[PDB]
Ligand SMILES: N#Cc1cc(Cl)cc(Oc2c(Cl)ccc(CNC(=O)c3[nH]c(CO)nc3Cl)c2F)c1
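Only one chain is given next, in structure tokens, and it is the form solved without the named molecule.
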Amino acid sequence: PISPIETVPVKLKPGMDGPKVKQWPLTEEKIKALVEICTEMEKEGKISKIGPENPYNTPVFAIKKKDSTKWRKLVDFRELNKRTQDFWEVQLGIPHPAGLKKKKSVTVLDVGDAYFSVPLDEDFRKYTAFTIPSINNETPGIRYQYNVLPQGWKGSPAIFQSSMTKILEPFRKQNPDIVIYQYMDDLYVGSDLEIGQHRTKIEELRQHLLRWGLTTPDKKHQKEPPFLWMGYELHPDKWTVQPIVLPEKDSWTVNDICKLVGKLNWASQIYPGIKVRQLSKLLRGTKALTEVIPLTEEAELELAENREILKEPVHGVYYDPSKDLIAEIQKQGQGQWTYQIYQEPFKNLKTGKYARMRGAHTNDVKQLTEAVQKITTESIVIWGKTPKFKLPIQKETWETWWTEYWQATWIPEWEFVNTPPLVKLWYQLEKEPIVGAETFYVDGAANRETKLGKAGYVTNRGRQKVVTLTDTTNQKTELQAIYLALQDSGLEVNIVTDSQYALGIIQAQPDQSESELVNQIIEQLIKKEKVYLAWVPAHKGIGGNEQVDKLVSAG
């Protein structure tokens, strides 16, 4: 029908008029196909034919859809959307299977011709004018405007989700113990009822829907585990993803790689152990998406690892709010992490990875901090509370670090888990200077003009180096001097630098940086038995940061 519901007022952004766009040419096979569509639609009040007093027009093409060789209308409102008001989008997120509680009876049903069952505000209606092209220049094509929610207009999704809500509210009031998941025109409906009476409640929903102009076709999964919902198969006591198939390709373009990372990420929600960090590195290349990136054999390792995991049967279970939430994290490679959320051992509500590089420099205890933050916010969305954690890090290490780190950092309730590898700090800086060890006063110095710099040191035992760097900078020469000193010191060293920047990076105890130099500095650091790093005011003539500075400033 047309839903008896009230239109939602719509305006164009102030000062702008409608679209005046030229209907571009289309095959006669579409032009007939569109006339067929635009005739039944006209038959059913969804579109009104308009005269020459509608100034506006926007382009309407057509394309065959999904193995039917049936054409499907489609307007390009890209301009109307530009001129349409802003909206506040109401769809905030996507329902996840694991926030689903086990109900005794389940139904899934979709709403038919949903957008076309909702009235468009009449005063806005005229801006939707489109003309279906006569096979050429020949005829002024048929003019039409839209009476319902057009496909492809900026506003239609929202206004429909909104209307959907506002239509379901009455039923929801009356059936507070019927749970209805509402995604666009998709409905999951669940109850703790015997099918018979459950089934009644459903028809009772479909009658309510029908009274509002919303047809509930029969793509209704009735008494039909597996239900197919939001991408998943739902069985009565377990859920799963509908089958994933990674493109087995010969010559990967970059965008082919983004398509591969995509399926892996989606798989990563129920297949524990999915690794993607190696493949989301091949991407680090300001790019033509067309460009063909050669498969790194390290990625090669990864993909192989994954393609293998994918052959495994996995499933999740559903949420019991009686019980607690429990997350287990796993350090599973260089800044690749994995977790599972459960309420009983080996029964996985879901899983997931973290593998983000936040910072140019980071370490394990940061990342395992980041990944716990991620899992917190995710859990709030799906279950509306935060899980208990079980982490592969010993209280020891945490406190060593919550101590040396100078920006507040935190993790909740968490039990140690000896699921090795354990998260360790790879080296530690001394807190006080190392008695009797060699003391390197380092500095470096660049030349903003020639980009030429010097880095070097001067030491208490009497030795000094100066080294010249082409195409460098002050912060790299600072970092050079500290690596130079590291290279040349025994197993225990003291380093005095005037660089607030160098001090900053290293005091944070990196074990991983996008910078090869900071990585060269890290490999050394891991090799010493003790390192003390002291700072001093540059150019203030401290002994002997002034000699290092005097030798090093030939830049």
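Residue numbers run from 1 along the displayed sequence.
Omitted from view is the form deposited with the named molecule bound, to which the following refers.
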Point to revise | Open or blocked, once the named molecule is placed by superposing site C-alphas in the bound PDB entry (3+ ligand atoms within 2.4 Å of backbone or C-beta means blocked) | key: blocked
Exercise for review: Report the residue, out of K281, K465, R206, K102, that has at least one non-hydrogen atom within 4.5 angstroms of the named molecule in the bound PDB entry.
Suggested key: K102
Check your understanding: So which of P412, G436, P294, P225 reaches within 4.5 angstroms of the named molecule in the bound PDB entry, heavy atom to heavy atom?
Key -> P225
Exercise for review: Flag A371 as yes or no: does it have a non-hydrogen atom within 4.5 angstroms of any non-hydrogen atom of the named molecule in the bound PDB entry?
Suggested key: no
**Study point:** the named molecule contact at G335 in the bound PDB entry, heavy atom, 4.5 Å
**Key:** no
Review point. Taking heavy atoms only, is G359 within 4.5 angstroms of the named molecule in the bound PDB entry?
Key: no
Practice item. Evaluate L234 for contact with the named molecule in the bound PDB entry, applying a 4.5 angstroms cut-off between non-hydrogen atoms, and reply yes or no. Key: yes
**Study point:** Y441, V493 and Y532 all contacting the named molecule in the bound PDB entry, non-hydrogen atom within 4.5 Å
**Key:** no
Check your understanding: If contact means any heavy atom within 4.5 Å, which of 373-381, 126-134, 94-102, 404-412 contacts the named molecule in the bound PDB entry?
Key -> 94-102
Practice item. Pull the contact list for 170-191: residues with a heavy atom within 4.5 Å of the named molecule in the bound PDB entry, in sequence order. Key: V179, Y181, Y188, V189, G190
